[PDB]
C-alpha cells in the first residue's frame, strides 16, 4: 500500500461543510464518500445534498437531525435511484419535507461495501484503493471540540461506543519513518473554522483509536 495518501490533492473532496445544530454528521460523511466515488467515476466534483438525506431516508432507518448511519444513507441512495446536488436541495439544518427530485440527481450507488470491522489495516487498504471512506468515531470529548494541531490522541476515546460520522480522506505520518507517528486525515462537518481548516489528524495504528475502523464503509458506484 502507499506510505501516505491524500485524496484532497487529487480533487475528490469538496470544501468543508457545517452541519450546524442538527445531528446529521452521518449525512455529511455519506455525501463526502459519494462525492469522491462520483468524482472517480466521472472526473466531476459535485457537492451533494445532505438535506436530501436528512429529509428522505427515515424509511431506511435514519432519523434526520436526530442521528443516522452512513450505510443506511447509501442504502437510501440505492433504493431511491439517485441523490440530488447541494445546489438543488440546499442544507437548512432542520428536519424537513422530502423534496427529492429525480431530475436534479447527480449521484447514484448500487449499494455499499463494508470495511472489515476493527481492522485498521483493512481501512488503510480501502482508503488507498477506493478513495475517501465514511467512518464512525467517538468524538464526544472536549479535547476533540478544541482540537487544533498535531496527531489527535485522547485516553478517554472509545473504539466501541461511537457517536459521530466523519470522512477519512487519506493517511500519513510525521517524520521520515513512514512506520511510526502515523495518522488518519479526517474531514469533519463542523465548518472550516473547527480544527485545522475543518480537518483533524487522528492517531493511526494505535489500537483503532476513537473507533475509526469500527464501522467504515463506502458506496459502490
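Positions refer to the first chain, counted from 1.
If you average the C-alpha B-factors over 144 to 152 and over 110 to 118, the higher value belongs to 110 to 118. Two stretches are in play, 160 to 168 and 27 to 35, and the higher mean C-alpha B-factor belongs to 160 to 168. Ranking 62, 189, 42, 49 by the C-alpha B-factor listed in the PDB entry places 42 at the top.
Per the PDB record, residue ranking by Cα B-factor puts residue 184 in the lowest third of the chain.
For residue 196, the recorded CA B-factor ranks within the lowest third of the chain. Only modelled residues enter the ranking. Per the PDB record, residue ranking by Cα B-factor puts residue 93 in the middle third of the chain. When the modelled residues of the chain are ordered by C-alpha B-factor, residue 210 sits in the middle third. Split the chain's modelled residues into thirds by C-alpha temperature factor. Residue 176 is in the highest one.
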